[PDB]
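Student: One file is attached below, work-v2.cif, containing mmCIF, C-alpha atoms and all ligand atoms.
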```
data_target
#
loop_
_atom_site.group_PDB
_atom_site.id
_atom_site.type_symbol
_atom_site.label_atom_id
_atom_site.label_comp_id
_atom_site.auth_asym_id
_atom_site.auth_seq_id
_atom_site.Cartn_x
_atom_site.Cartn_y
_atom_site.Cartn_z
ATOM 1 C CA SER W 27 21.694 -19.001 31.034
ATOM 2 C CA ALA W 28 22.422 -22.473 29.671
ATOM 3 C CA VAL W 29 21.301 -21.398 26.191
ATOM 4 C CA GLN W 30 23.571 -18.340 26.261
ATOM 5 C CA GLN W 31 26.578 -20.465 27.221
ATOM 6 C CA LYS W 32 25.975 -22.754 24.251
ATOM 7 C CA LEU W 33 25.431 -19.832 21.884
ATOM 8 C CA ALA W 34 28.624 -18.213 23.133
ATOM 9 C CA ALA W 35 30.430 -21.486 22.455
ATOM 10 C CA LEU W 36 28.889 -21.692 18.986
ATOM 11 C CA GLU W 37 30.031 -18.145 18.273
ATOM 12 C CA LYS W 38 33.534 -18.871 19.527
ATOM 13 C CA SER W 39 33.809 -21.968 17.334
ATOM 14 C CA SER W 40 32.526 -19.981 14.327
ATOM 15 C CA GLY W 41 35.157 -17.256 14.182
ATOM 16 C CA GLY W 42 32.417 -14.634 13.745
ATOM 17 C CA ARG W 43 29.834 -12.502 15.576
ATOM 18 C CA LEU W 44 26.446 -14.054 16.341
ATOM 19 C CA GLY W 45 23.244 -12.289 17.396
ATOM 20 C CA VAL W 46 20.133 -14.193 18.433
ATOM 21 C CA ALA W 47 16.779 -13.158 19.737
ATOM 22 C CA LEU W 48 14.031 -15.593 20.628
ATOM 23 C CA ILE W 49 10.537 -14.572 21.732
ATOM 24 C CA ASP W 50 8.354 -17.330 23.167
ATOM 25 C CA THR W 51 4.850 -16.002 22.812
ATOM 26 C CA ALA W 52 3.502 -18.414 25.397
ATOM 27 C CA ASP W 53 4.757 -16.133 28.147
ATOM 28 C CA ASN W 54 6.596 -13.302 26.345
ATOM 29 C CA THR W 55 9.920 -14.566 27.552
ATOM 30 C CA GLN W 56 12.973 -13.690 25.519
ATOM 31 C CA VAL W 57 16.365 -15.251 25.045
ATOM 32 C CA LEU W 59 18.953 -12.829 23.715
ATOM 33 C CA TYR W 60 22.532 -13.222 22.619
ATOM 34 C CA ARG W 61 24.070 -9.886 21.557
ATOM 35 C CA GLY W 62 20.451 -8.896 21.209
ATOM 36 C CA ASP W 63 21.133 -5.160 21.319
ATOM 37 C CA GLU W 64 24.123 -5.113 18.975
ATOM 38 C CA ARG W 65 23.643 -3.857 15.428
ATOM 39 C CA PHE W 66 23.953 -6.278 12.501
ATOM 40 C CA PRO W 67 23.606 -5.671 8.754
ATOM 41 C CA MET W 68 20.113 -6.822 7.839
ATOM 42 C CA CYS W 69 20.911 -7.667 4.246
ATOM 43 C CA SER W 70 17.789 -9.168 2.709
ATOM 44 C CA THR W 71 15.917 -9.655 5.944
ATOM 45 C CA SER W 72 14.803 -6.041 5.551
ATOM 46 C CA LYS W 73 12.584 -7.244 2.688
ATOM 47 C CA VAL W 74 10.016 -8.347 5.247
ATOM 48 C CA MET W 75 9.584 -4.760 6.393
ATOM 49 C CA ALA W 76 9.291 -3.533 2.808
ATOM 50 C CA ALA W 77 6.683 -6.154 1.941
ATOM 51 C CA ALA W 78 4.812 -5.424 5.169
ATOM 52 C CA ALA W 79 4.873 -1.686 4.429
ATOM 53 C CA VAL W 80 3.267 -2.266 1.041
ATOM 54 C CA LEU W 81 0.740 -4.573 2.677
ATOM 55 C CA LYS W 82 -0.043 -1.778 5.093
ATOM 56 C CA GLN W 83 -0.691 0.557 2.163
ATOM 57 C CA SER W 84 -3.110 -2.028 0.798
ATOM 58 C CA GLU W 85 -5.298 -1.678 3.857
ATOM 59 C CA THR W 86 -6.407 1.613 2.287
ATOM 60 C CA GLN W 87 -5.727 0.902 -1.409
ATOM 61 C CA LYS W 88 -7.601 -2.332 -1.375
ATOM 62 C CA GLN W 89 -6.532 -3.600 -4.815
ATOM 63 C CA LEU W 90 -2.935 -2.390 -4.520
ATOM 64 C CA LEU W 91 -1.430 -5.884 -4.630
ATOM 65 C CA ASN W 92 -2.867 -6.318 -8.149
ATOM 66 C CA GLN W 93 -1.220 -3.172 -9.474
ATOM 67 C CA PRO W 94 1.161 -3.862 -12.389
ATOM 68 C CA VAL W 95 4.737 -2.602 -12.211
ATOM 69 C CA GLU W 96 6.967 -2.392 -15.268
ATOM 70 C CA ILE W 97 10.306 -4.227 -15.134
ATOM 71 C CA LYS W 98 12.896 -2.501 -17.273
ATOM 72 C CA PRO W 99 16.514 -3.443 -17.978
ATOM 73 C CA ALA W 100 17.728 -0.504 -15.889
ATOM 74 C CA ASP W 101 15.915 -2.013 -12.884
ATOM 75 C CA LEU W 102 18.103 -5.106 -12.749
ATOM 76 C CA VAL W 103 20.654 -5.174 -9.948
ATOM 77 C CA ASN W 104 22.965 -7.881 -8.564
ATOM 78 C CA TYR W 105 20.435 -10.664 -8.038
ATOM 79 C CA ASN W 106 17.006 -10.734 -9.591
ATOM 80 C CA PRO W 107 16.079 -14.288 -10.461
ATOM 81 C CA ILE W 108 12.357 -13.619 -10.901
ATOM 82 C CA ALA W 109 12.328 -10.062 -12.174
ATOM 83 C CA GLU W 110 14.785 -11.003 -14.929
ATOM 84 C CA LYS W 111 12.060 -13.298 -16.312
ATOM 85 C CA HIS W 112 9.786 -10.319 -16.767
ATOM 86 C CA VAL W 113 12.012 -7.669 -18.296
ATOM 87 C CA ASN W 114 9.925 -5.574 -20.718
ATOM 88 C CA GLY W 115 6.747 -6.798 -19.095
ATOM 89 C CA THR W 116 5.102 -6.203 -15.743
ATOM 90 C CA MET W 117 4.683 -7.904 -12.402
ATOM 91 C CA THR W 118 2.016 -7.110 -9.842
ATOM 92 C CA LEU W 119 3.011 -5.863 -6.407
ATOM 93 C CA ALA W 120 1.828 -9.248 -5.070
ATOM 94 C CA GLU W 121 4.171 -11.018 -7.475
ATOM 95 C CA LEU W 122 7.033 -8.675 -6.591
ATOM 96 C CA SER W 123 6.443 -9.213 -2.896
ATOM 97 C CA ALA W 124 6.458 -12.992 -3.272
ATOM 98 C CA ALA W 125 9.596 -12.780 -5.419
ATOM 99 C CA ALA W 126 11.352 -10.563 -2.903
ATOM 100 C CA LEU W 127 10.370 -12.743 0.045
ATOM 101 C CA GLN W 128 10.559 -16.270 -1.374
ATOM 102 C CA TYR W 129 13.372 -16.010 -3.943
ATOM 103 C CA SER W 130 15.222 -13.008 -2.367
ATOM 104 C CA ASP W 131 14.892 -11.002 -5.580
ATOM 105 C CA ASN W 132 16.591 -7.622 -5.155
ATOM 106 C CA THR W 133 14.892 -5.974 -8.140
ATOM 107 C CA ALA W 134 11.572 -6.959 -6.636
ATOM 108 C CA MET W 135 12.661 -5.388 -3.338
ATOM 109 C CA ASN W 136 13.596 -2.191 -5.161
ATOM 110 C CA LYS W 137 10.113 -1.987 -6.667
ATOM 111 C CA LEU W 138 8.589 -2.352 -3.226
ATOM 112 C CA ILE W 139 10.836 0.417 -1.974
ATOM 113 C CA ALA W 140 9.860 2.658 -4.919
ATOM 114 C CA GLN W 141 6.161 2.002 -4.152
ATOM 115 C CA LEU W 142 6.852 3.293 -0.616
ATOM 116 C CA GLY W 143 8.635 6.411 -1.837
ATOM 117 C CA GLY W 144 12.179 5.330 -1.120
ATOM 118 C CA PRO W 145 13.943 3.597 1.747
ATOM 119 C CA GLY W 146 12.736 6.304 4.100
ATOM 120 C CA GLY W 147 9.230 4.963 3.472
ATOM 121 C CA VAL W 148 10.301 1.552 4.770
ATOM 122 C CA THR W 149 11.997 3.037 7.800
ATOM 123 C CA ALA W 150 8.913 5.139 8.470
ATOM 124 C CA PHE W 151 6.684 2.092 8.547
ATOM 125 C CA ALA W 152 9.045 0.491 11.039
ATOM 126 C CA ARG W 153 8.765 3.595 13.231
ATOM 127 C CA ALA W 154 4.976 3.600 12.873
ATOM 128 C CA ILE W 155 4.778 0.057 14.257
ATOM 129 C CA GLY W 156 7.074 0.947 17.152
ATOM 130 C CA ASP W 157 10.432 -0.244 15.829
ATOM 131 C CA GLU W 158 12.907 2.554 16.648
ATOM 132 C CA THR W 159 15.997 0.557 15.727
ATOM 133 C CA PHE W 160 15.514 -0.512 12.114
ATOM 134 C CA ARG W 161 16.993 1.739 9.512
ATOM 135 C CA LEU W 162 16.944 1.156 5.775
ATOM 136 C CA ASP W 163 19.159 3.589 3.942
ATOM 137 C CA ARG W 164 19.822 2.190 0.501
ATOM 138 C CA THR W 165 18.078 0.424 -2.292
ATOM 139 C CA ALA W 166 19.718 -2.684 -3.718
ATOM 140 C CA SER W 167 22.375 -1.950 -6.294
ATOM 141 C CA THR W 168 24.950 -3.875 -8.231
ATOM 142 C CA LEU W 169 27.379 -3.273 -5.327
ATOM 143 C CA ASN W 170 25.845 -3.838 -1.890
ATOM 144 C CA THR W 171 27.794 -3.845 1.348
ATOM 145 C CA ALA W 172 27.555 -5.333 4.841
ATOM 146 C CA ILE W 173 30.446 -3.508 6.458
ATOM 147 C CA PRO W 174 31.285 -3.849 10.158
ATOM 148 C CA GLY W 175 30.392 -0.738 12.095
ATOM 149 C CA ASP W 176 28.395 0.760 9.223
ATOM 150 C CA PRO W 177 25.077 1.904 10.721
ATOM 151 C CA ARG W 178 23.313 1.891 7.348
ATOM 152 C CA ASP W 179 20.781 -0.901 6.768
ATOM 153 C CA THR W 180 21.105 -2.388 10.242
ATOM 154 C CA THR W 181 18.921 -3.458 13.100
ATOM 155 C CA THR W 182 19.368 -5.377 16.322
ATOM 156 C CA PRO W 183 18.180 -8.928 16.957
ATOM 157 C CA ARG W 184 15.809 -7.833 19.707
ATOM 158 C CA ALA W 185 14.237 -5.143 17.592
ATOM 159 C CA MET W 186 13.799 -7.421 14.561
ATOM 160 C CA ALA W 187 12.253 -10.211 16.627
ATOM 161 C CA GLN W 188 9.759 -7.831 18.216
ATOM 162 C CA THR W 189 8.867 -6.360 14.821
ATOM 163 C CA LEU W 190 8.519 -9.742 13.172
ATOM 164 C CA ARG W 191 6.241 -10.747 16.026
ATOM 165 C CA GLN W 192 4.011 -7.685 15.569
ATOM 166 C CA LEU W 193 3.798 -8.189 11.811
ATOM 167 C CA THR W 194 2.938 -11.889 11.835
ATOM 168 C CA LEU W 195 1.545 -12.936 15.162
ATOM 169 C CA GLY W 196 0.410 -9.468 16.258
ATOM 170 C CA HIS W 197 -1.919 -7.076 14.504
ATOM 171 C CA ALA W 198 0.443 -4.409 13.153
ATOM 172 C CA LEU W 199 -1.074 -5.350 9.747
ATOM 173 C CA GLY W 200 -4.714 -5.843 8.785
ATOM 174 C CA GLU W 201 -6.218 -9.285 8.932
ATOM 175 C CA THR W 202 -5.859 -10.355 5.336
ATOM 176 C CA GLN W 203 -2.495 -8.655 5.124
ATOM 177 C CA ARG W 204 -0.984 -10.475 8.092
ATOM 178 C CA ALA W 205 -2.245 -13.784 6.683
ATOM 179 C CA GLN W 206 -0.710 -12.938 3.308
ATOM 180 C CA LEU W 207 2.640 -12.138 4.872
ATOM 181 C CA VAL W 208 2.571 -15.411 6.816
ATOM 182 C CA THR W 209 1.771 -17.357 3.652
ATOM 183 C CA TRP W 210 4.658 -15.717 1.795
ATOM 184 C CA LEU W 211 7.118 -16.399 4.639
ATOM 185 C CA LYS W 212 5.977 -20.016 4.959
ATOM 186 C CA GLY W 213 6.622 -20.393 1.224
ATOM 187 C CA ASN W 214 10.180 -19.103 1.276
ATOM 188 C CA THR W 215 12.488 -21.275 -0.841
ATOM 189 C CA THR W 216 15.879 -19.978 0.330
ATOM 190 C CA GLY W 217 15.932 -21.069 3.966
ATOM 191 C CA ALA W 218 16.368 -24.851 3.862
ATOM 192 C CA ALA W 219 19.924 -24.718 5.238
ATOM 193 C CA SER W 220 19.409 -21.977 7.852
ATOM 194 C CA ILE W 221 17.000 -21.919 10.825
ATOM 195 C CA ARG W 222 14.789 -24.621 9.253
ATOM 196 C CA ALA W 223 17.684 -27.077 9.274
ATOM 197 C CA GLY W 224 18.078 -26.864 13.052
ATOM 198 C CA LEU W 225 14.433 -27.250 14.034
ATOM 199 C CA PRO W 226 12.243 -30.318 14.663
ATOM 200 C CA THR W 227 10.461 -31.208 11.445
ATOM 201 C CA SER W 228 7.074 -31.190 13.232
ATOM 202 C CA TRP W 229 7.368 -27.364 13.505
ATOM 203 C CA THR W 230 5.966 -25.073 10.823
ATOM 204 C CA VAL W 231 8.360 -22.294 9.835
ATOM 205 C CA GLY W 232 8.081 -19.100 7.899
ATOM 206 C CA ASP W 233 11.408 -17.387 7.363
ATOM 207 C CA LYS W 234 13.414 -14.815 5.421
ATOM 208 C CA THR W 235 17.158 -15.240 4.864
ATOM 209 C CA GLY W 236 19.841 -12.686 4.145
ATOM 210 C CA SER W 237 23.405 -12.979 2.995
ATOM 211 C CA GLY W 238 26.061 -10.479 2.220
ATOM 212 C CA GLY W 240 29.637 -9.390 2.387
ATOM 213 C CA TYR W 241 31.772 -10.185 5.399
ATOM 214 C CA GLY W 242 30.153 -13.619 5.207
ATOM 215 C CA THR W 243 27.002 -12.119 6.645
ATOM 216 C CA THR W 244 24.427 -14.882 7.033
ATOM 217 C CA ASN W 245 21.009 -14.045 8.492
ATOM 218 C CA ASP W 246 17.603 -15.620 9.005
ATOM 219 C CA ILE W 247 14.460 -14.421 10.765
ATOM 220 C CA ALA W 248 11.653 -16.851 11.381
ATOM 221 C CA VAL W 249 8.262 -17.333 12.903
ATOM 222 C CA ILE W 250 7.900 -20.847 14.204
ATOM 223 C CA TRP W 251 4.729 -22.779 14.999
ATOM 224 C CA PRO W 252 5.321 -25.910 17.078
ATOM 225 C CA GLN W 254 2.413 -28.297 17.288
ATOM 226 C CA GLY W 255 0.205 -27.787 20.347
ATOM 227 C CA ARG W 256 2.352 -24.937 21.603
ATOM 228 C CA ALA W 257 2.395 -21.156 21.308
ATOM 229 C CA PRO W 258 4.496 -19.823 18.420
ATOM 230 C CA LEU W 259 8.064 -18.570 18.640
ATOM 231 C CA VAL W 260 9.929 -15.799 16.853
ATOM 232 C CA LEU W 261 13.619 -16.422 16.229
ATOM 233 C CA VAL W 262 16.119 -14.028 14.691
ATOM 234 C CA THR W 263 19.667 -15.221 13.950
ATOM 235 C CA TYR W 264 22.239 -12.781 12.567
ATOM 236 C CA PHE W 265 25.821 -13.706 11.830
ATOM 237 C CA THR W 266 28.741 -11.799 10.358
ATOM 238 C CA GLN W 267 32.453 -12.404 10.017
ATOM 239 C CA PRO W 268 35.665 -10.372 10.152
ATOM 240 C CA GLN W 269 36.931 -11.008 6.576
ATOM 241 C CA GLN W 270 35.289 -9.063 3.764
ATOM 242 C CA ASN W 271 35.312 -12.147 1.525
ATOM 243 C CA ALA W 272 34.252 -14.707 4.145
ATOM 244 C CA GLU W 273 32.048 -17.561 2.975
ATOM 245 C CA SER W 274 28.402 -17.952 3.989
ATOM 246 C CA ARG W 275 27.808 -19.910 7.207
ATOM 247 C CA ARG W 276 24.174 -21.015 7.071
ATOM 248 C CA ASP W 277 25.173 -23.960 9.316
ATOM 249 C CA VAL W 278 25.798 -21.500 12.191
ATOM 250 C CA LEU W 279 22.190 -20.329 11.973
ATOM 251 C CA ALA W 280 20.984 -23.932 11.907
ATOM 252 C CA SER W 281 23.101 -24.650 14.988
ATOM 253 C CA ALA W 282 21.780 -21.563 16.782
ATOM 254 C CA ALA W 283 18.224 -22.692 16.118
ATOM 255 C CA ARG W 284 19.004 -26.203 17.344
ATOM 256 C CA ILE W 285 20.464 -24.784 20.585
ATOM 257 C CA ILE W 286 17.378 -22.614 21.008
ATOM 258 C CA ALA W 287 14.922 -25.433 20.290
ATOM 259 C CA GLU W 288 16.552 -27.728 22.840
ATOM 260 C CA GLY W 289 16.052 -25.036 25.473
HETATM 261 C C1 LIG O 301 19.882 -10.440 0.664
HETATM 262 O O1 LIG O 301 20.518 -10.718 1.627
HETATM 263 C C2 LIG O 301 20.460 -10.393 -0.765
HETATM 264 N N1 LIG O 301 21.916 -10.336 -0.690
HETATM 265 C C3 LIG O 301 22.606 -9.584 -1.553
HETATM 266 O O2 LIG O 301 22.088 -8.999 -2.487
HETATM 267 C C4 LIG O 301 24.078 -9.509 -1.308
HETATM 268 N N2 LIG O 301 24.967 -10.212 -1.903
HETATM 269 O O3 LIG O 301 24.391 -11.103 -2.881
HETATM 270 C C5 LIG O 301 25.320 -11.963 -3.651
HETATM 271 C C6 LIG O 301 24.486 -12.739 -4.658
HETATM 272 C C7 LIG O 301 26.049 -12.900 -2.701
HETATM 273 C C8 LIG O 301 26.280 -11.032 -4.396
HETATM 274 O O4 LIG O 301 27.512 -11.039 -3.932
HETATM 275 O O5 LIG O 301 25.933 -10.344 -5.349
HETATM 276 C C9 LIG O 301 24.610 -8.478 -0.443
HETATM 277 C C10 LIG O 301 25.921 -8.181 -0.259
HETATM 278 S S1 LIG O 301 26.099 -6.973 0.969
HETATM 279 C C11 LIG O 301 24.358 -6.936 1.122
HETATM 280 N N3 LIG O 301 23.752 -6.047 1.939
HETATM 281 N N4 LIG O 301 23.707 -7.768 0.341
HETATM 282 C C12 LIG O 301 19.771 -11.603 -1.472
HETATM 283 N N5 LIG O 301 19.521 -12.581 -0.486
HETATM 284 C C13 LIG O 301 20.080 -13.741 -0.389
HETATM 285 C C14 LIG O 301 19.451 -14.482 0.755
HETATM 286 O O6 LIG O 301 20.245 -15.006 1.639
HETATM 287 O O7 LIG O 301 18.244 -14.553 0.855
HETATM 288 C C15 LIG O 301 21.095 -14.337 -1.213
HETATM 289 C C16 LIG O 301 21.386 -15.634 -1.307
HETATM 290 C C17 LIG O 301 21.864 -13.309 -1.995
HETATM 291 S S2 LIG O 301 20.769 -12.169 -2.876
#
```
Output the structure of this file as structure tokens.
Ligand SMILES: *C(=O)[C@@H](NC(=O)/C(=N\OC(C)(C)C(=O)O)c1csc(N)n1)[C@@H]1N=C(C(=O)O)C(=C)CS1

Tutor:
Amino acid sequence: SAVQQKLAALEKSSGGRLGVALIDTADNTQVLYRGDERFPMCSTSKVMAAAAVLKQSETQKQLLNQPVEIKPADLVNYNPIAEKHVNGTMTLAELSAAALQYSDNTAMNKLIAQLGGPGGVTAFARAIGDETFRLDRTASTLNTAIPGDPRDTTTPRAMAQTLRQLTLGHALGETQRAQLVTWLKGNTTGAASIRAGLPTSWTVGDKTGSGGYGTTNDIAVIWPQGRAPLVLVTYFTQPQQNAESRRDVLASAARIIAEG
């Protein structure tokens, strides 16, 4: 299609490997570019972890208020919010917002621990019909995003369909899906990624990811005015282990998609 030609050109100009999946919920049409290839999720897997805890809260109705201790041994490579609460506690709601809106990795690790380990996140994905997602590791001081490594990967198509079910669909309970949407809309780390390529009349909720091999990711739910919402997943990774982030590529992907 015309969109796939422009995305292929973007990828060629970029020196890396781009994966895109768009779902237009008006008519369930999809646009895919490398949609069935695996990409390291990096921090975009935090949406699944937060959603899995939200799912637990449909039974444990006050779970989001539960305090969690933050100890020095909990700190990993990047924990901008949790570091402010060492030797105190944060609620699971506060940890979820920190994980989602400030990409706090200690907060993500507490969500994973609440689910019983990364296999609890993967299980939630399977329970909502995502067979592709796999989360294998907690965050540590040394995380990886290695080409060909199947750990902590998904495909663009699978992530877009899951994000759709979690936000626009009813894979979560009513207050839970609204809470997830609020958190995603409040993300503070995405200004240079998908949001930068979209018309400013569109409301966006997104989660970014970044990692080794210059891996640069963003997954978004998009609400244009007077038009059915869109789900857009943009994954990007590069051949050099120490490659720089390329959030501009994600912005350009989104701009190509929005034009179409
Ligand atoms: C999610 O993607 C997180 N990324 C990381 O923790 C990784 N690297 O973080 C930096 C700070 C660059 C580091 O080198 O320590 C990483 C490397 S391999 C892998 N799987 N993850 C957080 N999310 C973001 C984000 O884009 O939202 C960041 C800006 C980095 S921390």

Student: Could you give me the axis-aligned bounding box of stretch 84-88 of chain W, with 4 Å of padding per side, as centre plus edge lengths in Å to one decimal, as lines of an AutoDock Vina configuration file?

Tutor:
```
center_x = -5.4
center_y = -0.4
center_z = 1.2
size_x = 12.5
size_y = 11.9
size_z = 13.3
```

Student: Pick out the residues no farther than 10 Å from ligand LIG 301 (chain O), counting all atoms listed in the file, and list them as a ChimeraX atom specification.

Tutor: /W:67-73,103-107,126-133,135,164-173,178-180,214-217,220,233-238,240-246,270-271,273-274,276

Student: Residues of the last selection are to be written out with C-alpha atoms, as a CSV table (one decimal), keeping the file's coordinate frame.

Tutor:
```csv
chain,number,residue,atom,x,y,z
W,67,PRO,CA,23.6,-5.7,8.8
W,68,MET,CA,20.1,-6.8,7.8
W,69,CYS,CA,20.9,-7.7,4.2
W,70,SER,CA,17.8,-9.2,2.7
W,71,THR,CA,15.9,-9.7,5.9
W,72,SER,CA,14.8,-6.0,5.6
W,73,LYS,CA,12.6,-7.2,2.7
W,103,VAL,CA,20.7,-5.2,-9.9
W,104,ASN,CA,23.0,-7.9,-8.6
W,105,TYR,CA,20.4,-10.7,-8.0
W,106,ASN,CA,17.0,-10.7,-9.6
W,107,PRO,CA,16.1,-14.3,-10.5
W,126,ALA,CA,11.4,-10.6,-2.9
W,127,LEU,CA,10.4,-12.7,0.0
W,128,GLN,CA,10.6,-16.3,-1.4
W,129,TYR,CA,13.4,-16.0,-3.9
W,130,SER,CA,15.2,-13.0,-2.4
W,131,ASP,CA,14.9,-11.0,-5.6
W,132,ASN,CA,16.6,-7.6,-5.2
W,133,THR,CA,14.9,-6.0,-8.1
W,135,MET,CA,12.7,-5.4,-3.3
W,164,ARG,CA,19.8,2.2,0.5
W,165,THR,CA,18.1,0.4,-2.3
W,166,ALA,CA,19.7,-2.7,-3.7
W,167,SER,CA,22.4,-2.0,-6.3
W,168,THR,CA,25.0,-3.9,-8.2
W,169,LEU,CA,27.4,-3.3,-5.3
W,170,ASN,CA,25.8,-3.8,-1.9
W,171,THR,CA,27.8,-3.8,1.3
W,172,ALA,CA,27.6,-5.3,4.8
W,173,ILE,CA,30.4,-3.5,6.5
W,178,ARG,CA,23.3,1.9,7.3
W,179,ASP,CA,20.8,-0.9,6.8
W,180,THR,CA,21.1,-2.4,10.2
W,214,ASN,CA,10.2,-19.1,1.3
W,215,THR,CA,12.5,-21.3,-0.8
W,216,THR,CA,15.9,-20.0,0.3
W,217,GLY,CA,15.9,-21.1,4.0
W,220,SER,CA,19.4,-22.0,7.9
W,233,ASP,CA,11.4,-17.4,7.4
W,234,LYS,CA,13.4,-14.8,5.4
W,235,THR,CA,17.2,-15.2,4.9
W,236,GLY,CA,19.8,-12.7,4.1
W,237,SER,CA,23.4,-13.0,3.0
W,238,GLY,CA,26.1,-10.5,2.2
W,240,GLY,CA,29.6,-9.4,2.4
W,241,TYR,CA,31.8,-10.2,5.4
W,242,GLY,CA,30.2,-13.6,5.2
W,243,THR,CA,27.0,-12.1,6.6
W,244,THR,CA,24.4,-14.9,7.0
W,245,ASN,CA,21.0,-14.0,8.5
W,246,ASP,CA,17.6,-15.6,9.0
W,270,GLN,CA,35.3,-9.1,3.8
W,271,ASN,CA,35.3,-12.1,1.5
W,273,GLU,CA,32.0,-17.6,3.0
W,274,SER,CA,28.4,-18.0,4.0
W,276,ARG,CA,24.2,-21.0,7.1
```

Student: Just so the selection is clear, what residues does the PyMOL selection byres (((chain W and resi 225) around 7) and not hetatm) cover here, as a list in words?

Tutor: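 So the PyMOL selection byres (((chain W and resi 225) around 7) and not hetatm), applied here, picks out residues 221, 222, 223, 224, 226, 227, 283, 284 and 287 of chain W.
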
Student: When you look at residue W:27 with a cut-off of 10 Å (counting all atoms listed in the file), what residues show up, excluding the ones that are within fewer than 6 positions of it in the same chain? I need them as a ChimeraX atom specification.

Tutor: /W:33,57,59,289

Student: Excluding same-chain residues fewer than 3 positions from residue W:262, what lies within 8 Å of it counting all atoms listed in the file, as JSON, numbers by chain?

Tutor: {"W": [45, 46, 47, 48, 183, 184, 186, 187, 245, 246, 247, 248]}

Student: Just write the chosen residues, C-alpha atoms, as a PDB file, keeping the file's coordinate frame.

Tutor:
```pdb
ATOM      1  CA  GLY W  45      23.244 -12.289  17.396  1.00  0.00           C
ATOM      2  CA  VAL W  46      20.133 -14.193  18.433  1.00  0.00           C
ATOM      3  CA  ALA W  47      16.779 -13.158  19.737  1.00  0.00           C
ATOM      4  CA  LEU W  48      14.031 -15.593  20.628  1.00  0.00           C
ATOM      5  CA  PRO W 183      18.180  -8.928  16.957  1.00  0.00           C
ATOM      6  CA  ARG W 184      15.809  -7.833  19.707  1.00  0.00           C
ATOM      7  CA  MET W 186      13.799  -7.421  14.561  1.00  0.00           C
ATOM      8  CA  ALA W 187      12.253 -10.211  16.627  1.00  0.00           C
ATOM      9  CA  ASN W 245      21.009 -14.045   8.492  1.00  0.00           C
ATOM     10  CA  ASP W 246      17.603 -15.620   9.005  1.00  0.00           C
ATOM     11  CA  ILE W 247      14.460 -14.421  10.765  1.00  0.00           C
ATOM     12  CA  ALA W 248      11.653 -16.851  11.381  1.00  0.00           C
TER      13      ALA W 248
END
```

Student: Kindly give the distance, in Å, that separates atom CA of residue W:60 and atom CA of residue W:161, rounded to a single decimal.

Tutor: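 Spanning atom CA of residue W:60 to atom CA of residue W:161 is a straight-line distance of 20.6 Å.
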
Student: Quick check on the file I pasted: which residues fall under the PyMOL selection byres (((chain W and resi 278) around 9) and not hetatm)? Write them as a list in words.

Tutor: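 When the PyMOL selection byres (((chain W and resi 278) around 9) and not hetatm) is applied to the shown file, the picked residues are residues 36, 37, 40, 44, 220, 221, 244, 263, 265, 275, 276, 277, 279, 280, 281, 282 and 283 of chain W.
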
Student: Could you check the closest approach to residue W:80 for each of W:97, W:113, W:42, W:120 and tell me which residue wins, using all atoms listed in the file?

Tutor: W:120

Student: For atom CA of residue W:91 and atom CA of residue W:201, quote the distance in Å rounded to one decimal.

Tutor: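 Taking atom CA of residue W:91 as the start and atom CA of residue W:201 as the end point, the length is 14.8 Å.
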
Student: Name the residues that the PyMOL selection byres (((chain W and resi 64) around 9) and not hetatm) pulls out of this structure, and write them as a list in words.

Tutor: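 In the shown coordinates, the PyMOL selection byres (((chain W and resi 64) around 9) and not hetatm) covers residues 45, 61, 62, 63, 65, 66, 181, 182, 183 and 184 of chain W.
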
Student: Would you work out the distance separating atom CA of residue W:137 from atom CA of residue W:250, expressed in Å to one decimal?

Tutor: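 Computed distance, atom CA of residue W:137 to atom CA of residue W:250, equals 28.2 Å.
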
Student: Between W:49, W:122, W:193, W:34, single out the one closest to residue W:157, counting only C-alpha atoms.

Tutor: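 Result for the nearest residue to residue W:157: W:193.
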
Student: Calculated over all atoms listed in the file, which of the candidates W:96, W:50, W:101, W:163 has the smallest distance to residue W:115?

Tutor: W:96

Student: Which neighbours of residue W:83 fall inside 12 Å, counting only C-alpha atoms, when residues of the same chain fewer than 4 positions from it are skipped, and could you give them as a PyMOL selection string?

Tutor: chain W and resi 76-79+87-91+119+138+141-143+147-148+151+199-200+203

Student: Would you kindly place N, CA and C atoms on stretch 186-192 of chain W and return the model as an mmCIF file, in the frame of the given file?

Tutor:
```cif
data_model
loop_
_atom_site.group_PDB
_atom_site.id
_atom_site.type_symbol
_atom_site.label_atom_id
_atom_site.label_comp_id
_atom_site.auth_asym_id
_atom_site.auth_seq_id
_atom_site.Cartn_x
_atom_site.Cartn_y
_atom_site.Cartn_z
ATOM 1 N N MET W 186 14.372 -6.690 15.692
ATOM 2 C CA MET W 186 13.799 -7.421 14.561
ATOM 3 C C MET W 186 12.842 -8.501 15.036
ATOM 4 N N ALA W 187 13.159 -9.169 16.152
ATOM 5 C CA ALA W 187 12.253 -10.211 16.627
ATOM 6 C C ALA W 187 10.932 -9.601 17.055
ATOM 7 N N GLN W 188 10.991 -8.471 17.767
ATOM 8 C CA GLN W 188 9.759 -7.831 18.216
ATOM 9 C C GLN W 188 8.943 -7.346 17.032
ATOM 10 N N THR W 189 9.599 -6.792 16.021
ATOM 11 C CA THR W 189 8.867 -6.360 14.821
ATOM 12 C C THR W 189 8.273 -7.536 14.073
ATOM 13 N N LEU W 190 9.063 -8.598 13.875
ATOM 14 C CA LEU W 190 8.519 -9.742 13.172
ATOM 15 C C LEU W 190 7.323 -10.288 13.915
ATOM 16 N N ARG W 191 7.387 -10.292 15.251
ATOM 17 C CA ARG W 191 6.241 -10.747 16.026
ATOM 18 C C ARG W 191 4.990 -9.897 15.747
ATOM 19 N N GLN W 192 5.143 -8.575 15.778
ATOM 20 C CA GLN W 192 4.011 -7.685 15.569
ATOM 21 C C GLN W 192 3.423 -7.847 14.178
#
```
